[PDB]
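J.: Would you be able to build a 3D model of this:
(one chain, ligands or ions: 1)
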Amino acid sequence: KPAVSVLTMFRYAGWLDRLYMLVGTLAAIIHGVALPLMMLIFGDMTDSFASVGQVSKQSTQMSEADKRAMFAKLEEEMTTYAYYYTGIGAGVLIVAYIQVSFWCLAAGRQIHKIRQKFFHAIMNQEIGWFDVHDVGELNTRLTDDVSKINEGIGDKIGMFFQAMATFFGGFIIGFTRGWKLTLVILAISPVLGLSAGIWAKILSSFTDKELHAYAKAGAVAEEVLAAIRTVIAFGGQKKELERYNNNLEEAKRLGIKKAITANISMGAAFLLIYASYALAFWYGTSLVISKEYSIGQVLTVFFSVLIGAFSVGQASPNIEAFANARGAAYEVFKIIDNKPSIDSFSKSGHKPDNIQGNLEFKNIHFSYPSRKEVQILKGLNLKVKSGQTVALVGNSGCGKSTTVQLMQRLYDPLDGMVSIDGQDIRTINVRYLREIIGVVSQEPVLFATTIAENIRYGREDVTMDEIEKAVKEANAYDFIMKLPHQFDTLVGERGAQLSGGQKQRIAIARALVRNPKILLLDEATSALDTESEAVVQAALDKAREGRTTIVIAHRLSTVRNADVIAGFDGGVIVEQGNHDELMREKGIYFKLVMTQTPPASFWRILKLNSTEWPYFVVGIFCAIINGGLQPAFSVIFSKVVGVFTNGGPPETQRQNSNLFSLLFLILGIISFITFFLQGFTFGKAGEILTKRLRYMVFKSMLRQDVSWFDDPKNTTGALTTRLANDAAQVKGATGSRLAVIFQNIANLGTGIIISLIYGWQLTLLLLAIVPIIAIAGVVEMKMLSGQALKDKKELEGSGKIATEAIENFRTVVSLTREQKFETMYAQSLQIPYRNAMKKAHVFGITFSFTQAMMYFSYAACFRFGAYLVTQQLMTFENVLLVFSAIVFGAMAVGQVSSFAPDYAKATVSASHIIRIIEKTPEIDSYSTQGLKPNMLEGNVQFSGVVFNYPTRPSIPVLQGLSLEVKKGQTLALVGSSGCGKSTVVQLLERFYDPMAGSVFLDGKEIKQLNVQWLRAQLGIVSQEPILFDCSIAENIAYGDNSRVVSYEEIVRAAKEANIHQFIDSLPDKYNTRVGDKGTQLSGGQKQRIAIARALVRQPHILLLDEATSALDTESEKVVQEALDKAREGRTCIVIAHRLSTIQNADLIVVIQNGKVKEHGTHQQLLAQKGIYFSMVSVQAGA
Ligand SMILES: Brc1ccc(Oc2c(Br)cc(Br)cc2Br)c(Br)c1
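T.: Residues are numbered from 1 along each chain as shown. Take a look at the structure below.
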């Protein structure tokens, strides 16, 4: 919404840039003007053939006589027109180069300047300005917005003016050569504007419906694939597929409905558009029979106007290009034009010599940019004498840290003054002030360059001698020399990551080359390892003694030797003095002392699509007819102008034109009828295989075993996404693109034959010319993408050293050396500039070439069409025919190149989808194999089990685990931590087979047992029960599948679980809808429901996995009261973390390191003393 003055935007264009734009825009208008002229001549060529076309047939007496006057007229005329044509082509060749080159030149020249100025502006902002802003956004704002600006002031303007030139130029010629047809042509404009308006309403409204339509299915898929382990446990994999299939079934119906309507729309629209012209032209005929117009003039106006008419449309994008570029320039120039109070690029203010370094802080009230919300310094008084070293101590607020902030004048204070020597800080030059102050900060930063270079950021003029003394005076010499490459090493976020204590010591060296008279050390020892801390501390102590210093840390080791110590409470300076005095004060300081002590041929996807042998042949046959039908319109048009040009005696013409125009409208209706067909057939044929594919994928997906679903690669979202995209994308490829690709090859084919047989060698020529301009049209785009990628690569290097400068900014400014990064940025940019210059010459040449190639190619159409061909008996009516036929047949091939990516994007999306079906699991629930034992009573043996999770085969969970539990008794399971407790239940559900060892139930190894039948006997109840959205009766009935469960049966289970209070309490009762769509309830009820479905199954085995995990107060007491009633009739395993409620358990088992450690009945483990005793003691105590 905000935008910029048109004149400010160009403020960096002067002298030449203004001229370039003037010559370019000029040439741009000449260029535009060229096309409607070219069409004007196409009238005069017509009148020439038309005068001879009328007189030639008017004879029917003399022959040789017509070999004289006619041919002479054609000779002089055609040569004239051809000469002019060759003229225009040269014209466009020149202006088209001038157009793009100059504008791109201006663009480059300015954007270079914009970029430099912009970065300079970023570095000039004071810190309070950064504190309030997001640096990341600002950098992305550096690289993206300047690009928008460049796009707008680029050759797009030239294009705009070329377009307006064709539009004006079109409608002028439109009006002068006649006022009638133009008005008649504008008259039909609203209709075309109106039909394409139905499209923006249909598309936008229906696009949501499908996104709404599948949103119902992909919801199923989301609550399923999220709940997977549950549906896997309860084996609802047949139902959860059935549901998805039932929503898919609707989606396809809506999908076919859309297919019907959208094609009706497209067809009807097209028919309106073509009827609309055909009337303008037939109206154009009605005025020729009246001898009001010439048959060539009808052309001249009818072309010029439609050209100019569409030229409006072709300009519209460049308007947007420019506008966006204005709006993009607003926030950029706002930084450039913003001026700081502080600067630091300013040359102003005193520069004292012989600074003795006497500092004082007077009544300083300050607040950081968070402003009125907080005031962190309320008053203040502090002096520090020259050569002394003062220490600042405090509990919190780090108002300590603020004084170091004010002393570099990063912020100016609200009220009060900071005084270096006698003078107010604000009277001294900012840069020089920063140059007389050294700084060592808590988190040290090193820019990416050599150590010498980072030290060279202390001062730009320095020699390895001074570097050496500096690092040796920081005692950083010894440790870096050992490092390879010596001072030439690397540092940064990338490469050569070092000890912090070494980084700080390079930082102290950097600070030391500064030879500052004032030192600020903030926390520099804090957040550092104890051993190296002393190493650095020594350097700090050696860094002072030449200087006056203020230091802030939480280390009261370094403070003692400070000449003065200062405490803060609430921004108010409170205690000051030598250490001893402060202790004698027994105040804040003392208190703190005591406290701290693969693209490939995939046919099989089409083989799946072969489920329909028909609906393809229908569409294809139907589309090829449509292909053959298109050029016939050109044939008509050719003979409408043809017979009319070839007329001879005028009486017969008027009756014929009617016949033709009638036929054409019979063809348009036959075209509509074929088009809707080729649309609908493919559409339905797409929508059904969409179902088949999504079905088979979703089916194969429920086949895989928990091992797969654990993968970081596959998460619920990524799968729904993979599920939608891949299925849409293959529909696309077998969809419209193919129908069209066949319609068009048919269109060129049926055109090329007609043309070829009519014109001998006329066509053969056009087929030499067209492919070359096409290819030449492609190579340009290749070069374009090439240059684009290259420049992207090059400005990226610069933006990288920008990112460094502005992300680490508060440090660079502390060191000054902003001019450094300015210069570096500048040098970096210099390559894309010299590049951007070449870009213009290239862009220009390619464009001009592809225009010229078209105009000269036009000259060849007629010069050969006349002369050699029309000096022969071969005729004009045909030359027109072949012009249109071939030239359109080609432009229909233009659609091939456009649908090219739709195929690739589809095959890649097929690539995964054919694999996701074919992948098979280790444990497949689908295998009907497995024993299905007849004997009821459950036992469970875990023997010698070693298990590692497939995702994390590093730290093992189970190593040599062994358990046994008899029927009808509870096995309590305790652990130090982890899924060691929980993995048991997973393995009994056979989510996994163990690596080594084995687990039996009835004495049969489950590994050889039927996977499904196994899980069918299991009473799984987990931490967070996931309930699908549906009647709670169904969430319960989920407990048993392969059969519909009785109402009284799901009642009994809700009676069991103690959930009945709710289920009767509700208005709907058992038909109420749950899952946070229809209704919401707390976890206790959800759980009791999960308990209900657990024992609807009438399992022989409950599995209670930390069932009380999320729960509170009486809710626990009631759920536990349900679980406790659920077991004791069954084999049970309870890993519950309430050991108070495990006290009554037939066996308790303590898991340690995946081995069982302790086991026995409660009092039996209580009789011992060890892990379980410690477990029951700790949380009974706490
Ligand atoms: Br009759 C008659 C036939 C084609 C005409 O222009 C074309 C041409 Br030429 C080609 C196609 Br495809 C569609 C139309 Br509409 C006109 Br104007 C009148």
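
J.: residues from this structure in reach of the ligand?
T.: Counting by CB under 6 Å from any ligand atom, the chain comes close to the ligand at 274, 277-278, 281, 630, 633-634, 636-637, 640, 660-661, 664, 884. Yep, even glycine has a C-beta here, placed from its N, CA and C like the rest.

J.: Which one (most neighbours) among these?
T.: residue 640 (25 neighbours; other CB atoms under 10 Å).

J.: in terms of contact count, name the helices or strands touching the helix or strand where that residue lies.
T.: Per DSSP states H and E: residue 640 is located in helix 616-645. Applying 3 or more CB pairs under 8 Å, 6 or more residues apart in numbering; DSSP states H and E, one finds that helix 616-645 contacts helix 16-57, helix 239-286, helix 295-337, helix 653-703, helix 736-758, helix 876-898.

J.: buried stuff in it?
T.: By neighbour count on 16 or more other CB atoms under 10 Å, the buried set for helix 616-645 is 616, 618-620, 622-645.

J.: That helix vs helix 876-898, what angle?
T.: Orientation check (axes from the mean of the first three to the mean of the last three CA atoms, to 10 degrees): helix 616-645 against helix 876-898 gives 150 degrees.

J.: now helix 616-645 and helix 16-57, what's the angle there?
T.: Using the same axes, to 10 degrees: helix 616-645 against helix 16-57 is 70 degrees.

J.: Please state the offset of helix 616-645 from the chain centre?
T.: 43 Å (CA atoms, centre = their mean, to the nearest Å).

J.: repeat for stretch 669-689
T.: That offset, for stretch 669-689, works out to 34 Å (CA atoms, centre = their mean).

J.: could you pull out the strands for the stretch 851-1000 of the chain?
T.: For the stretch 851-1000 of the chain, the strands defined by DSSP state E, counting those that start in this stretch cover 940-947, 958-965, 970-975, 996-1000.

J.: Can you pull out the residues in contact with the first one?
T.: Counting contacts by CB atoms under 8 Å, 6 or more residues apart in numbering, the residues outside strand 940-947 that touch it are 956-965, 971, 983-984, 987-988, 992, 994-1001, 1003, 1101, 1131, 1133, 1154.

J.: For PyMOL, write the select line for the buried members of those.
T.: Selecting only the buried members of the contacts of strand 940-947 in PyMOL, with burial defined as 16+ other CB under 10 Å, works like this:
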select buried, resi 957+958+959+961+963+965+971+983+984+987+988+992+994+997+999+1000+1001+1101+1131+1133+1154
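
J.: Can you get me the start-to-end distance on stretch 1065-1073?
T.: Length of stretch 1065-1073, first residue to last, CA to CA, to the nearest Å: 14 Å.

J.: quick one: the helices in the stretch 101-250 of the chain?
T.: In the stretch 101-250 of the chain, the helices defined using DSSP state H, counting those that start in this stretch lie at 127-131, 135-153, 155-177, 180-187, 189-233, 239-286.

J.: Angles on the backbone of the residue of the stretch 951-1100 of the chain found nearest the ligand, please.
T.: Among all residues of the stretch 951-1100 of the chain, residue 1077 sits closest to the ligand, at 52.1 Å; criterion: CB to the nearest ligand atom. When read as degrees, to the nearest 10, the backbone of residue 1077 gives phi -120, psi -60.

J.: number of nearby residues for it?
T.: With other CB under 10 Å as criterion, residue 1077 counts 12.

J.: again, but for residue 667
T.: Using other CB under 10 Å: residue 667 sits among 17 other residues.

J.: So the protein: which segments form each domain?
T.: For the chain, the structural domains run 1-348+598-929, 349-597, 930-1182, going by curated CATH domains.

J.: What separation do you get for residue 241 and the ligand?
T.: With distances taken as CB to the nearest ligand atom, to the nearest Å, residue 241 is found 48 Å from the ligand.

J.: Skipping adjacent residues, who's closest to that residue in space?
T.: Using CB to CB, 6 or more residues apart in numbering and skipping the chain neighbours, the partner closest in space to residue 241 is residue 699 (5.7 Å).

J.: Look up how far residue 224 lies from that neighbour.
T.: 12 Å (CB to CB, to the nearest Å).

J.: Residue in the stretch 51-200 of the chain with the shortest distance to the ligand?
T.: Closest point on the stretch 51-200 of the chain to the ligand, by CB to the nearest ligand atom, is residue 185, at 10.6 Å.

J.: May I have the residues that are in contact with that residue?
T.: 174, 280, 302, 305, 306, 309 are the contacts of residue 185 under CB under 8 Å, 6+ apart.

J.: Now that we have the residues you listed, can you turn them into CSV and tack on neighbour count?
T.: CSV is the format used below for those (neighbours: other CB atoms under 10 Å):
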residue, neighbour count
174, 26
280, 20
302, 24
305, 27
306, 17
309, 19
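
J.: which one among the residues you listed gets closest to residue 243?
T.: residue 309 (53.2 Å; CB to CB).

J.: thinking the closest one is in contact with residue 193, fair?
T.: No. Using CB atoms under 8 Å as the test, residue 309 is too far from residue 193 to be in contact (10.5 Å).

J.: Quick check: which element contains residue 98?
T.: Residue 98 belongs to helix 69-124, assigned by DSSP H and E.

J.: so that helix versus helix 295-337, what angle?
T.: Going by the same axes, to 10 degrees, helix 69-124 makes 10 degrees with helix 295-337.

J.: could you say what helices and strands helix 69-124 packs with?
T.: helix 16-57, helix 135-153, helix 155-177, helix 295-337, helix 762-807, helix 809-814, helix 818-865.

J.: Can you add distance to residue 266 and give the strands of the stretch 851-1000 of the chain back as CSV?
T.: Compiled in CSV, those are given as follows (distance: least, CB to CB, whole Å):
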stretch, distance to residue 266
strand 940-947, 60
strand 958-965, 63
strand 970-975, 66
strand 996-1000, 63
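
J.: State the distance from residue 32 to the ligand.
T.: 23 Å.

J.: Now that residue: closest residue in space that isn't a chain neighbour?
T.: The nearest residue in space to residue 32 (CB to CB, 6+ apart) is residue 165, at 2.7 Å.

J.: ok, now residue 251?
T.: Nearest to residue 251 is residue 213, by CB to CB, 6+ apart, at 4.9 Å.

J.: Same check on residue 587?
T.: The nearest residue in space to residue 587 (CB to CB, 6+ apart) is residue 575, at 4.8 Å.

J.: Residue of the stretch 301-450 of the chain closest to the ligand, please.
T.: For the stretch 301-450 of the chain, CB to the nearest ligand atom, closest residue to the ligand: residue 302, 7.2 Å.

J.: quick one, what contacts that residue?
T.: Applying CB under 8 Å, 6+ apart, the residues near residue 302 are 181, 185, 280, 281, 284.

J.: Wait, the first one touches residue 305, no?
T.: Yes. Residue 181 is in contact with residue 305 according to CB under 8 Å; the separation is 7.3 Å.
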